[PDB]
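**Student:** Got a structure for you, questions after.
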Amino acid sequence: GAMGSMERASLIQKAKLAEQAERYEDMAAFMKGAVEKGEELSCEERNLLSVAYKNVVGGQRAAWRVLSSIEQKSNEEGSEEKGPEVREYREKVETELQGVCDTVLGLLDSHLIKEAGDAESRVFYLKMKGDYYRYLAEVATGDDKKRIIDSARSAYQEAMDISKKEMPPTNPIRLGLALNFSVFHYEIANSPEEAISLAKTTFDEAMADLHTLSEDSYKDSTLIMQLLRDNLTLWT
Amino acid sequence: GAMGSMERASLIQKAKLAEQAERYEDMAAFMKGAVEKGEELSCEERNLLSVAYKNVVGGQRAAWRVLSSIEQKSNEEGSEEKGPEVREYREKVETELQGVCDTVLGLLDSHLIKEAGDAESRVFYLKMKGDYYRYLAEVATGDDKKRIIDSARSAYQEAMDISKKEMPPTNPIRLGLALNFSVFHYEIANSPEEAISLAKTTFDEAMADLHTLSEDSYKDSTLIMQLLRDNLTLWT
Amino acid sequence: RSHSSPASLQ
Amino acid sequence: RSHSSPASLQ
Ligand SMILES: N=C(N)c1cc(-c2ccccc2)c(CC2CCNCC2)s1
Ligand SMILES: N=C(N)c1cc(-c2ccccc2)c(CC2CCNCC2)s1
Ligand SMILES: [Ca+2]
Ligand SMILES: [Ca+2]
Ligand code: NA
Ligand code: NA
């Protein structure tokens, strides 16, 4: 790897600098190098990894959606038959997105997840696994679309089981996991009722646990609860 | 070049798609490939080239400024002496910026400028040459900083001479050239009085020529005139 | 259109 | 801090 000659601490420092500079491809390369040093990641380091790749894949997803919309318009009735270009370029972006997802899933499988024994780390990584299979599912067509979807579901389900046993209902990792699993149900798995049920149960069980929290933990939890509320409002 | 196997028209089509998708590195690669086909560029194609590289270098400039600020803080009196990382990473971004500028200047020199005989094209490319030497000057330190600055000045000056002979005072290329030359004077060449004079003379001579314009041309010209006004307000 | 979780958590 | 020209012109 191109980062193999750089110190772990230096990679982490440079990832923080790249975040400040909004240089998220750099940030992801630095954190990939940090992961490949072979040591477990701290909480802060896990967050840096997540921020970097979420911003990278977020740009690709936004571009893929613009291009997919143009492509489907060009297949409507009454549309001038352009050439292969729109499809080609949507495929180019799609292939780069899949590469980023495969890279993240490779880091989790080699060997972040198997070395994660604390609930906060293991749930964080398993949620990540679900998320990046969900991004693959967004662009998947049917051949292995079913198996991609079941791979996302499996990872989210394992994370949910641990989080319910090991974390309180207000824990922000638990909340973000349930939020994203609910989006999976609604947008990927064609299960809007499961999405709505999960979002409402999650919200209500967190609400009943807020009284145990400090002002700072209260702010973190209610932030993600509001996203659950926002989706319920969109979905109902 | 990786774009040598793709049709010119397809490269132009894909540059337009990438612009819609906000994929400006792709856009620049597509337009670089289009330029390397060896034909002159239309007005629209010149604009696509400019949009792509301006957005690419704009991201790099913004990142370089964030990093340069951090670096200079770390050299203040009373700052904990970190390691080489901030400098290293600012240098990384700086070297990539310089590469992008060198690439653009290479396209203009091989062979866009020498084949441009119409005023609208030749002024557009010479302004571009000035701009990308100005971006190089923003990060230049002193060794060839003087020669970079004089390279920017020379290109802008040649463009100004043509534009004054060949274009009306409201012409948007002429206006954007004078705007950018005035920024050069103010930010690069330590000549704020020349900057202010040029901005005010440009503005006033355009104002007196607006009466000749259609409503659509009026909107284009007054848009850039407002930038001249905005700078005068900042500078005085 | 659905909101998903921010990248950074607890 | 100074404004420069937009990328696209006439
Ligand atoms: N660089 C980033 N994006 C982030 C870094 C960290 C982090 C910093 C120190 C220790 C652990 C985690 C984040 C999570 C915190 C943010 C504040 N509220 C509570 C959780 S986010
Ligand atoms: N894709 C882009 N960014 C742009 C394309 C063109 C262009 C489109 C057709 C012919 C020539 C130029 C621009 C300049 C026009 C925009 C409207 N007002 C007058 C000038 S900008
Ligand atoms: Ca462990
Ligand atoms: Ca010619
Ligand atoms: Na594909
Ligand atoms: Na340098």
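All residue numbers here begin at 1 and follow the chain in the order shown.
Every residue, even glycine, has its Cβ placed from backbone N, Cα and C.
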**Student:** Write down the residue from A:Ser10, A:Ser121, A:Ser182 that Swiss-Prot flags as phosphoserine.
**Tutor:** A:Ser10
**Student:** Compared by Cα position, which of the recorded positions A:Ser10, A:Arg61, A:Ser79 is the closest one to A:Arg134 (site 'Interaction with phosphoserine on interacting protein')?
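**Tutor:** Of the recorded positions A:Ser10, A:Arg61, A:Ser79, A:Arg61 has its Cα closest to that of A:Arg134 (site 'Interaction with phosphoserine on interacting protein').
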**Student:** Distance check, please: Cα of A:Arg61 (site 'Interaction with phosphoserine on interacting protein') against Cα of A:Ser10 (phosphoserine), rounded to an integer number of angstrom.
**Tutor:** 30
**Student:** Measuring Cα to Cα, tell me the gap between A:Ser10 (phosphoserine) and A:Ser79 (phosphoserine) in whole angstrom.
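**Tutor:** Cα of A:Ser10 (phosphoserine) to Cα of A:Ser79 (phosphoserine) measures 53 Å after rounding.
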**Student:** Under 8 Å Cβ to Cβ from A:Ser79 (phosphoserine), same chain, six or more residues apart: give me those in sequence order, or none if nothing qualifies.
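**Tutor:** Sequence-distant Cβ neighbours: A:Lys73.
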**Student:** Got a sec? Which of these recorded sites, A:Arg61, A:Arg134, has the most Cβ atoms within 10 Å?
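**Tutor:** The largest 10 Å Cβ neighbour count belongs to A:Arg134.
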